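Heads up, the chain below is alone and in the form deposited without caffeine (CFF); it's given as structure tokens.
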């Protein structure tokens, strides 16, 4: 049907049909008379996978022969989502598969919906890793993603009586056709034990062994025949483990628990032993694999010329002392040479300045679990502080602030300090964030080693986040400017020539309308609720967190409700306010916010005076597959974090690419988005970072705003008095108490400006032609936010490799 989906040639379609029937019979062991849609999904998945294999084998051979510098991206999270459609897009097979399935009497879109998300991340950090893998393959880099194969990914969210309930995400129940187990490359990982000092150095002995078994998943680049690998480790007990007999076998679970479950925290550090084991497990297995590959190309001087290790936050920070351990204890390099190699190999990306998110591990945990690593960390620290002392003689307080070891009731290791000391490059993830790092939390380090500090503004892959999820928009763009923009997103600037083109204005608005109808239908089918598709779709989807200020959105929703109740017969621009996201299971306030949102919906959605002018919907189980549905349908993107708290954001970019306008603070990448589009084409409001600092100096007093803003006082009185919870009048007292007395994120301080700015949104929505023209100006300037741009900068400025757009042979 549509150009960007590729050709449906007669021979291709015939061959796909034949292989589909082959897999149904031989692989699935079904006949067509008892096959279900799930069987059909698997038959298609196996058919598409067969097209990856030849390219995968030959890509890996090519790297063996050419021996390029290899890039290892280490992350505890890879939020991959579904694989079927993405594979078809990247191999140009989508129209052919659609035609082949159609001729077999099947609807491919229905089959796509059967696939489970690979939910091996929490949100933005995990999803960034996934976009990065797609971009590294598209740019022809010899790149490997290394992580953990969690048996249970991010929990499935159910809403019961307006409250979040969690269910295990048993994503492997029906099998994963995309992975290949590689039990033959299983490696040992050591824990506990003790250090003994011989005449020939330190030896780590009496350890417990867990095996790391790798599973490989292919990562196809966009139409270049490159297929890279994501290698995820699974924990296995050795066969003599604990070897009465029956109990010993059952206790194998103790070792295998390492890879059982993803910790479900976003921007929060939970200092549990099992998490530390996960972090070491991934590092120890990965580094052995890296060294094996390097030796199969004595001379570790060339190691940083052949290897780059990128640390996705501090979660894999033990790579630094592990690399030292291997080089010093096992390869017998002198300390100084080993350190040189380590620093030149490793680079560190920071993704947050929130203090509760920074990893600070108690020394007693490391002492017990990883006694040799603790010794190495202490030695790193002493040598590092000797440099600080020579550079800043007599500055004793600087020595305390920069130490890797934090003193206190409990001594802790600051892993961020370790990463800076042991990396040749340190970057933040948007310009304002990278500046904040240099001015505040890493100021001392910046003064010592200014050359280490860089910025790499985040991005998103336009394959998944435009072509895959919004084919209608991709097509109308391609009609005007061709297909080259899909791997060169800067070409979208050519669309500025069509801002006054009546046909293009019409087509952009038509695509949005179609996406809105499709989404409104999805809601009725799967969740039995009726929404008005002519209303403005006002969307805030992201993890639930105080810093992201879902609560500020709630205050605006109640303000609109109260204004309608005050003047029921006045016209207002109709809205559907959609809020979705998961709360971490132990984060009480985040769970209370979800309950508030559903409670507001219970009042607003059933008030007959409101009608269809205002609807408040909580979108259940927000995840990558749901993002692909709701983002193309959105008119207004809510990006309303307190200035200085959202390091970048990436949902913001997804909305910009898909034809929503943004209401937001000057935070994270929002700043750069407004710069690219023009401030006149963005709905900017609220305190800047400098304003937040000024308020902190004076002291934030929320009572002042309550006393001065009658509309705000009314809302707080409604919350306190039980207007939104009649059977339990005190249900929201924790929320009220937080807002009035201990709000770290200054919700009330941005309320007035936010409401006023929302009024400007509504005014522009009344003029569809001007709304759509502003949309075009946003889509047209979204090019900078391609993860292809981001990865090219990492490649050239950190890893020392040149990207390529050249095709390998097919």
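Residue numbers count along the first chain shown, from 1. For the two forms, the rigid core is made up of the largest set of C-alpha atoms that agree within 1.5 Å on superposition. Shifts are known only where both forms have a C-alpha.
Across the other PDB entries of this protein whose models span the neighbouring residues, residue 368 is modelled without exception, so it is unmodelled in far fewer than a third. Compared with other deposited structures of the same protein, residue 298 meets the criterion of being unmodelled in at least one third of those that resolve residues on both sides. Counting the unmodelled positions of the deposited sequence between residue 297 and residue 298 gives a gap of 4 to 9 residues. In this entry, no coordinate-free residues of the deposited sequence separate residue 160 from residue 161.
Taking the mean C-alpha B-factor of each stretch as recorded, 60 to 68 and 747 to 755 are not equal, and the higher mean is that of 60 to 68. Mean C-alpha B-factor is higher over 725 to 733 than over the other stretch, the pair under comparison being 725 to 733 and 414 to 422. Listed residues 591, 325, 528, 452 were ranked by CA B-factor as deposited; 528 comes out on top. Comparing the C-alpha B-factors of 149, 431, 364, 272 in the entry, the top value falls on 364. Sorting the modelled residues of the chain by their CA temperature factor places residue 447 in the middle third.
Among the modelled residues of its chain, residue 561 has a C-alpha B-factor that falls in the middle third according to the deposited record. The entry lists a Cα temperature factor for residue 644 that places it in the middle third of the chain's modelled residues. Per-chain ranking of the deposited C-alpha B factor places residue 534 in the highest third. For residue 134, the recorded CA temperature factor ranks within the lowest third of the chain's modelled residues.
A second form of this protein, the form solved in complex with caffeine (CFF), is not displayed here; the remarks below concern that form.
Of the candidate stretches 325 to 333, 578 to 586, 299 to 307, 564 to 572, only 578 to 586 has residues whose heavy atoms lie within 4.5 Å of caffeine (CFF) in the bound PDB entry. When contacts are judged by a 4.5 Å heavy atom cut-off, residue 163 does not count as touching caffeine (CFF) in the bound PDB entry. A residue is said to contact a partner when one of its heavy atoms sits within 4.5 Å of a partner heavy atom; residue 545 meets this definition for caffeine (CFF) in the bound PDB entry.
Interface membership of residue 723, defined by any non-hydrogen atom within 4.5 Å of caffeine (CFF) in the bound PDB entry, is ruled out. Put simply, residue 95 is far from caffeine (CFF) in the bound PDB entry: not one heavy atom of it is within 4.5 Å. Listed residues 268, 392, 700, 706 were compared with caffeine (CFF) in the bound PDB entry; 268 is the one with a heavy atom within 4.5 Å.
For the partner-free chain shown, nothing in 316 to 333 comes within 4.5 angstroms of caffeine (CFF) in the bound PDB entry, judged by any non-hydrogen atom. Core-superposed comparison between this form and the one not shown: residues with C-alpha shifts of 2 Å or more form a single run of three or more, at 1 to 11.
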